[PDB]
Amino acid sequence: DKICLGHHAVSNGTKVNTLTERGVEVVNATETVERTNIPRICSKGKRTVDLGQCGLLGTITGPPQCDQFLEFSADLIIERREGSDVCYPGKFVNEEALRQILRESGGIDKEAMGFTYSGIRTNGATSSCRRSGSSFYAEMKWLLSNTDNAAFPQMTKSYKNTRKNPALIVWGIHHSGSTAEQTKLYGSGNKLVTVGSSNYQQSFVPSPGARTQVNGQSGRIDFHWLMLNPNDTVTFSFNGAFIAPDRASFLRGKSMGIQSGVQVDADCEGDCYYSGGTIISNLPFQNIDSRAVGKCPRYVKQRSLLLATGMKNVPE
(Lines of atoms letter the chains of each structure in order from A and count residues from 1; the text may use other names and numbers.)
(Lines give C-alpha, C1' and ligand atoms only; values in the text may rest on other atoms or scores of the structure.)
Protein backbone atom coordinates (compact mmCIF):
# COMPACT_ATOMS: atom_id res chain seq x y z
CA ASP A 1 0.00 0.00 0.00
CA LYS A 2 2.10 3.10 1.11
CA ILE A 3 5.47 4.93 0.98
CA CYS A 4 6.27 7.79 3.37
CA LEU A 5 9.11 10.23 3.54
CA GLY A 6 10.47 12.00 6.59
CA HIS A 7 13.52 13.47 8.24
CA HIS A 8 15.51 12.70 11.34
CA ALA A 9 15.11 14.03 14.86
CA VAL A 10 16.80 13.66 18.21
CA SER A 11 15.17 13.66 21.64
CA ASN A 12 17.36 16.46 23.00
CA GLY A 13 18.38 19.00 20.34
CA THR A 14 19.75 22.49 21.14
CA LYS A 15 18.09 25.91 21.01
CA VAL A 16 19.27 28.69 18.65
CA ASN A 17 17.95 32.13 17.66
CA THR A 18 16.58 33.14 14.33
CA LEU A 19 15.33 36.33 12.68
CA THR A 20 11.86 35.38 13.70
CA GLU A 21 11.85 33.35 16.88
CA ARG A 22 13.97 32.94 19.99
CA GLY A 23 15.21 29.59 21.24
CA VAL A 24 14.03 27.27 18.47
CA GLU A 25 15.22 23.70 18.96
CA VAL A 26 17.31 22.39 16.06
CA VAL A 27 19.17 19.08 15.79
CA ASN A 28 22.85 20.12 16.09
CA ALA A 29 24.41 23.56 16.58
CA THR A 30 27.92 24.92 17.04
CA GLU A 31 29.40 27.71 19.13
CA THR A 32 30.55 30.90 17.45
CA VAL A 33 31.93 32.96 20.34
CA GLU A 34 35.24 31.81 21.83
CA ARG A 35 35.53 31.69 25.63
CA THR A 36 38.53 29.37 25.95
CA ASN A 37 41.77 30.70 27.43
CA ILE A 38 45.27 29.30 27.73
CA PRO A 39 46.81 30.79 30.89
CA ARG A 40 50.23 30.93 29.13
CA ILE A 41 51.80 33.08 26.40
CA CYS A 42 52.09 30.57 23.55
CA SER A 43 55.58 31.51 22.43
CA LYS A 44 56.60 28.52 20.31
CA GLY A 45 57.73 29.44 16.80
CA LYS A 46 58.61 33.04 17.72
CA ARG A 47 61.61 34.55 19.55
CA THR A 48 60.37 35.74 22.93
CA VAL A 49 61.53 38.29 25.50
CA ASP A 50 60.22 38.49 29.06
CA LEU A 51 61.33 41.79 30.73
CA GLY A 52 60.20 41.15 34.29
CA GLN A 53 61.85 43.85 36.39
CA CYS A 54 63.04 45.59 33.25
CA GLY A 55 60.87 48.39 31.92
CA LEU A 56 60.69 48.68 28.13
CA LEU A 57 61.92 52.26 27.84
CA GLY A 58 64.69 51.19 30.23
CA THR A 59 66.19 48.99 27.51
CA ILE A 60 67.42 52.21 25.92
CA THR A 61 68.77 54.09 28.94
CA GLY A 62 69.91 50.95 30.71
CA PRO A 63 69.30 51.17 34.46
CA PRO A 64 70.32 48.08 36.54
CA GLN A 65 67.20 46.00 35.69
CA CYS A 66 67.68 46.29 31.93
CA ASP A 67 71.29 45.20 31.79
CA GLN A 68 70.06 41.88 30.34
CA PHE A 69 68.30 43.73 27.58
CA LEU A 70 70.60 46.44 26.27
CA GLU A 71 70.81 44.88 22.81
CA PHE A 72 67.91 42.43 22.70
CA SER A 73 66.38 40.60 19.74
CA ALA A 74 62.72 39.64 19.55
CA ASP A 75 59.64 38.70 17.59
CA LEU A 76 57.45 38.86 20.67
CA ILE A 77 58.16 41.26 23.55
CA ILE A 78 56.54 40.91 26.98
CA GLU A 79 55.95 43.67 29.53
CA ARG A 80 55.38 42.76 33.20
CA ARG A 81 53.50 44.75 35.84
CA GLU A 82 56.69 45.13 37.87
CA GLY A 83 58.81 46.46 35.00
CA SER A 84 60.59 49.83 35.43
CA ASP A 85 62.20 52.30 33.03
CA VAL A 86 63.96 54.13 35.75
CA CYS A 87 66.44 53.89 38.64
CA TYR A 88 67.04 57.49 39.47
CA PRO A 89 63.46 58.98 39.64
CA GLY A 90 62.11 60.54 36.45
CA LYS A 91 59.55 60.38 33.64
CA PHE A 92 59.97 59.99 29.92
CA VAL A 93 58.52 62.84 27.87
CA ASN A 94 56.02 61.23 25.40
CA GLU A 95 56.55 57.86 27.08
CA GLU A 96 53.80 55.81 25.46
CA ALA A 97 54.49 56.82 21.84
CA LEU A 98 58.00 55.48 22.42
CA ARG A 99 56.74 52.32 24.15
CA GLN A 100 54.60 51.64 21.07
CA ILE A 101 57.55 52.24 18.73
CA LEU A 102 59.67 49.76 20.72
CA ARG A 103 56.98 47.05 20.91
CA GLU A 104 57.16 46.61 17.10
CA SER A 105 60.91 47.06 16.53
CA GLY A 106 62.19 43.47 16.56
CA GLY A 107 64.78 44.48 19.12
CA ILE A 108 67.52 47.09 19.39
CA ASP A 109 71.05 47.24 18.04
CA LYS A 110 73.08 49.77 20.02
CA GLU A 111 76.12 51.72 18.76
CA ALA A 112 78.59 54.29 20.16
CA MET A 113 78.11 57.99 19.40
CA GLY A 114 81.77 58.89 19.76
CA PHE A 115 81.28 61.60 22.33
CA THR A 116 84.53 62.74 23.96
CA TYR A 117 84.69 65.19 26.84
CA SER A 118 87.35 67.63 28.01
CA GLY A 119 87.93 68.95 31.52
CA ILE A 120 84.83 67.64 33.30
CA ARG A 121 83.69 64.53 35.14
CA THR A 122 82.16 61.86 32.89
CA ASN A 123 81.48 59.39 35.67
CA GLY A 124 78.57 60.76 37.70
CA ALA A 125 76.87 58.08 39.76
CA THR A 126 74.22 57.48 42.42
CA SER A 127 73.05 55.12 45.19
CA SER A 128 69.86 54.32 43.24
CA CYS A 129 71.49 52.73 40.17
CA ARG A 130 73.07 49.98 42.24
CA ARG A 131 75.80 47.69 40.84
CA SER A 132 79.27 48.26 42.21
CA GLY A 133 77.59 50.22 44.98
CA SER A 134 76.72 53.44 43.17
CA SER A 135 76.58 53.69 39.39
CA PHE A 136 74.36 54.93 36.53
CA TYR A 137 72.32 54.22 33.40
CA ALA A 138 74.79 52.01 31.47
CA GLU A 139 74.13 54.11 28.29
CA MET A 140 74.17 57.56 29.84
CA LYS A 141 77.13 59.53 31.09
CA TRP A 142 76.20 61.79 34.04
CA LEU A 143 78.26 64.85 33.07
CA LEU A 144 79.45 66.78 36.11
CA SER A 145 81.65 69.82 36.78
CA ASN A 146 85.36 69.12 37.31
CA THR A 147 85.04 69.68 41.05
CA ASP A 148 82.30 71.11 43.27
CA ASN A 149 80.84 74.45 42.18
CA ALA A 150 83.29 74.66 39.26
CA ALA A 151 81.48 76.47 36.47
CA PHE A 152 80.45 73.89 33.90
CA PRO A 153 82.07 74.67 30.49
CA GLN A 154 79.72 75.65 27.69
CA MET A 155 79.88 72.62 25.43
CA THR A 156 78.49 71.31 22.19
CA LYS A 157 78.31 67.69 21.01
CA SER A 158 77.16 66.23 17.68
CA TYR A 159 76.18 62.93 16.01
CA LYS A 160 75.41 61.95 12.41
CA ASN A 161 73.19 58.93 11.70
CA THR A 162 75.25 57.21 9.04
CA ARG A 163 72.95 54.19 8.61
CA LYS A 164 70.00 53.35 6.32
CA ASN A 165 67.36 53.34 9.07
CA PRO A 166 66.71 56.15 11.59
CA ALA A 167 68.39 56.35 15.01
CA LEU A 168 66.76 56.57 18.45
CA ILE A 169 68.46 59.25 20.58
CA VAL A 170 67.72 59.64 24.29
CA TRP A 171 69.04 62.27 26.64
CA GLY A 172 68.17 63.46 30.14
CA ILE A 173 67.75 66.62 32.15
CA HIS A 174 68.69 66.42 35.81
CA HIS A 175 66.41 68.54 37.99
CA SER A 176 68.33 68.99 41.19
CA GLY A 177 66.79 68.56 44.65
CA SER A 178 67.84 72.10 45.58
CA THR A 179 69.48 75.20 44.03
CA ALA A 180 72.37 74.34 46.36
CA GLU A 181 72.92 70.87 44.87
CA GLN A 182 72.60 72.15 41.29
CA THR A 183 75.32 74.77 41.85
CA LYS A 184 77.20 72.03 43.71
CA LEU A 185 77.13 69.85 40.60
CA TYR A 186 77.34 72.34 37.73
CA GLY A 187 78.13 75.75 39.22
CA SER A 188 75.93 78.79 39.80
CA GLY A 189 74.00 80.86 37.26
CA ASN A 190 71.47 79.82 34.58
CA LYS A 191 71.64 76.53 32.72
CA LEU A 192 70.15 75.51 29.37
CA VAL A 193 70.19 72.44 27.20
CA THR A 194 69.25 72.89 23.54
CA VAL A 195 68.60 69.97 21.19
CA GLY A 196 68.37 70.25 17.42
CA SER A 197 68.20 68.36 14.15
CA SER A 198 66.14 68.94 10.99
CA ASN A 199 63.10 67.06 12.29
CA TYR A 200 63.48 68.06 15.94
CA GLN A 201 64.19 71.45 17.56
CA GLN A 202 63.39 72.00 21.24
CA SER A 203 65.08 73.09 24.43
CA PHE A 204 65.22 72.70 28.21
CA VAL A 205 65.88 74.57 31.43
CA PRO A 206 66.49 72.69 34.65
CA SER A 207 64.07 73.11 37.48
CA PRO A 208 65.82 72.70 40.80
CA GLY A 209 63.78 72.22 43.93
CA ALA A 210 62.46 69.57 46.28
CA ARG A 211 59.86 66.95 45.28
CA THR A 212 58.68 63.78 47.10
CA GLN A 213 61.34 61.29 48.20
CA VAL A 214 61.10 58.67 45.46
CA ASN A 215 64.01 56.22 45.65
CA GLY A 216 65.67 58.47 48.19
CA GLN A 217 66.09 61.34 45.74
CA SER A 218 64.14 64.58 45.68
CA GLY A 219 65.16 65.87 42.28
CA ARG A 220 64.23 64.09 39.06
CA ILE A 221 65.49 63.22 35.60
CA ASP A 222 63.36 64.29 32.60
CA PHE A 223 64.14 61.86 29.77
CA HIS A 224 63.69 63.15 26.25
CA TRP A 225 64.02 61.26 22.99
CA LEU A 226 64.07 61.98 19.30
CA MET A 227 64.26 60.01 16.05
CA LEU A 228 67.21 60.86 13.80
CA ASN A 229 66.94 60.43 10.06
CA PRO A 230 69.47 58.63 7.84
CA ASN A 231 72.18 61.17 6.84
CA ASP A 232 70.84 63.63 9.47
CA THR A 233 72.66 65.04 12.56
CA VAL A 234 71.85 65.87 16.22
CA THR A 235 73.42 68.72 18.14
CA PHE A 236 73.47 69.28 21.89
CA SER A 237 74.31 72.68 23.41
CA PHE A 238 74.71 72.67 27.19
CA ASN A 239 76.38 73.88 30.38
CA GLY A 240 75.04 71.52 33.05
CA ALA A 241 72.07 69.40 34.16
CA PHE A 242 72.64 67.31 31.03
CA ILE A 243 72.64 63.50 31.19
CA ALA A 244 74.41 62.61 27.97
CA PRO A 245 73.82 59.66 25.61
CA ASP A 246 76.89 57.45 25.18
CA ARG A 247 75.26 55.23 22.54
CA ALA A 248 72.38 55.49 20.09
CA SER A 249 69.81 52.78 19.33
CA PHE A 250 68.71 51.24 16.05
CA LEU A 251 65.65 49.10 15.32
CA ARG A 252 66.40 45.56 14.11
CA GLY A 253 63.38 44.03 12.42
CA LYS A 254 59.74 43.58 13.44
CA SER A 255 57.86 42.40 16.50
CA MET A 256 54.74 42.66 18.63
CA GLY A 257 54.56 43.70 22.28
CA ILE A 258 52.09 42.34 24.82
CA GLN A 259 51.32 43.15 28.45
CA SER A 260 51.04 39.77 30.16
CA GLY A 261 50.51 38.60 33.72
CA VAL A 262 50.98 34.88 32.99
CA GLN A 263 53.69 32.28 32.35
CA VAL A 264 55.39 31.68 29.02
CA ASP A 265 55.15 28.30 27.26
CA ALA A 266 57.12 27.43 24.14
CA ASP A 267 55.26 24.14 23.80
CA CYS A 268 52.03 25.64 22.45
CA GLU A 269 51.79 27.94 19.41
CA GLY A 270 49.71 31.14 19.29
CA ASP A 271 48.79 34.36 17.49
CA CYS A 272 46.21 36.08 19.66
CA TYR A 273 47.41 37.22 23.11
CA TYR A 274 45.64 38.94 25.96
CA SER A 275 46.98 39.92 29.40
CA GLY A 276 45.88 36.65 30.99
CA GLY A 277 46.87 34.20 28.25
CA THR A 278 46.58 33.14 24.62
CA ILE A 279 43.49 32.60 22.45
CA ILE A 280 43.80 29.74 19.96
CA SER A 281 40.51 29.37 18.10
CA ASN A 282 38.93 29.07 14.70
CA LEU A 283 35.79 30.88 15.90
CA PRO A 284 35.24 34.28 14.26
CA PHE A 285 34.21 35.85 17.58
CA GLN A 286 35.48 36.03 21.17
CA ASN A 287 34.12 37.26 24.54
CA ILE A 288 37.45 37.19 26.43
CA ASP A 289 39.35 40.55 26.17
CA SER A 290 38.17 43.67 24.39
CA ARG A 291 41.84 44.73 24.23
CA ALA A 292 43.46 41.43 23.09
CA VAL A 293 46.11 41.75 20.37
CA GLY A 294 47.67 39.96 17.40
CA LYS A 295 45.60 38.17 14.78
CA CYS A 296 42.34 37.88 16.63
CA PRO A 297 38.68 36.89 16.57
CA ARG A 298 36.47 40.00 16.72
CA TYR A 299 35.49 40.91 20.30
CA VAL A 300 31.80 40.82 21.16
CA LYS A 301 29.54 41.51 24.19
CA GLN A 302 27.86 38.14 23.88
CA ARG A 303 28.80 35.12 25.97
CA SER A 304 27.49 32.68 23.36
CA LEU A 305 25.96 32.90 19.88
CA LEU A 306 24.99 29.42 18.75
CA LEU A 307 24.99 28.79 14.99
CA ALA A 308 22.56 26.04 13.86
CA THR A 309 24.19 23.29 11.82
CA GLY A 310 21.14 21.10 11.44
CA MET A 311 17.40 21.15 10.67
CA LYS A 312 14.44 22.07 12.87
CA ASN A 313 14.16 19.42 15.50
CA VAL A 314 10.76 17.85 15.96
CA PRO A 315 10.77 14.78 18.22
CA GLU A 316 7.89 12.34 18.94
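Quick note: we count residues from 1 along the sequence shown, nothing fancier.
Should the higher mean CA B-factor in the entry be assigned to 196 to 204 or to 92 to 100? Result: 196 to 204.
State which stretch shows the higher mean Cα B factor in the entry: 63 to 71 or 285 to 293. Mean C-alpha B-factor is greater for 63 to 71.
Between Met113, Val214, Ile243, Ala210, which carries the biggest CA temperature factor in the record? Answer, based on the entry's C-alpha B-factors: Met113.
Lowest, middle or highest third: which one holds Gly257 when the chain's residues are ordered by CA B-factor from the entry? Middle third, going by the recorded CA B-factors of the chain.
Classify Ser43 as lowest, middle or highest third according to the C-alpha B-factor given in the PDB entry, relative to its own chain. Its C-alpha B-factor, which the entry lists for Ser43, ranks in the highest third among residues of this chain.
Where does the C-alpha B-factor of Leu51 rank in its chain, lowest, middle or highest third? As the PDB entry reports it, the C-alpha B-factor of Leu51 lands in the middle third of its chain.
Quick check on the deposited entry: does the C-alpha B-factor of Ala151 sit in the lowest, middle or highest third of its chain? Highest third of the chain for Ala151's C-alpha B-factor.
Taking the chain's C-alpha temperature factors as the reference, tell me which third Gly124 falls into: lowest, middle or highest. According to the entry, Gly124 has a C-alpha B-factor in the chain's lowest third.
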